[PDB]
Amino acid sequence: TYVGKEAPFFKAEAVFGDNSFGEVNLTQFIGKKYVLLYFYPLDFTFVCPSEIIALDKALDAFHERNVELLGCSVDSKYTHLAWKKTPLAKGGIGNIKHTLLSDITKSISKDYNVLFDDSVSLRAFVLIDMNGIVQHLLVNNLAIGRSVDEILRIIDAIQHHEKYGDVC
C-alpha cells in the first residue's frame, strides 16, 4: 500500500557504530542516499542473530551502492548498546558498525505495518530510493534467514531498472 509511494516519515534515537547515541530522520537521506530499513522483533532473544551480523559483514557492499543500512526494533537504545557489548559466544551481536534504531514508542513499526500484537515487530526489509519512494517490501513471520546476497541483487536490480527501464 505504501509500496511505489512515499516512505512514511520516522524520527528516532539511535546507536551509531562508534557507540554514541543520536537521532536519525528519514528526511536527512532524501536526494542523497538509498535506505535499507530492516526490522527484527527483539534484542537478546534465543534465536541467534546471524542475520544482523551477516548484514554488518557486508556493510561495505552497501556503501558501494550508496545505501544506508538501518536496523530497528522496539528495544531502547540502551538495550541496543548492551547487546553490542555482549560477546557473540553469549548470543550478543558484537560491535557492529551500522546504526540501530530504537522504536521505543512503537510508532515506526505501526507506520510501516509491521507491528504484531501491539508488542514487537515482525522481521522486515524495506528499500527506500533517493526520492523517498518504497521500491521493495519483504515481511517474514518466521525466524528464518534472508541472504544478504539476495538483498544486494535486489538493490542492483532496482538501481539498474531505475535508470534503464525494463527490457532484457
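The first residue of the sequence shown is number 1, and the count goes up from there.
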query	finding
Stretch with the higher entry mean CA B-factor, where the candidates are 44-52 and 98-106	44-52
Chain thirds of CA B-factor: placement of residue 57	middle
Ranked against its chain, the third holding the CA B-factor of residue 84	middle
Chain-relative CA temperature factor third for residue 135	lowest
Chain-wide C-alpha B factor ranking for residue 119, given as lowest, middle or highest third	middle
CA B-factor placement of residue 69, once the chain's modelled residues are sorted into thirds	lowest
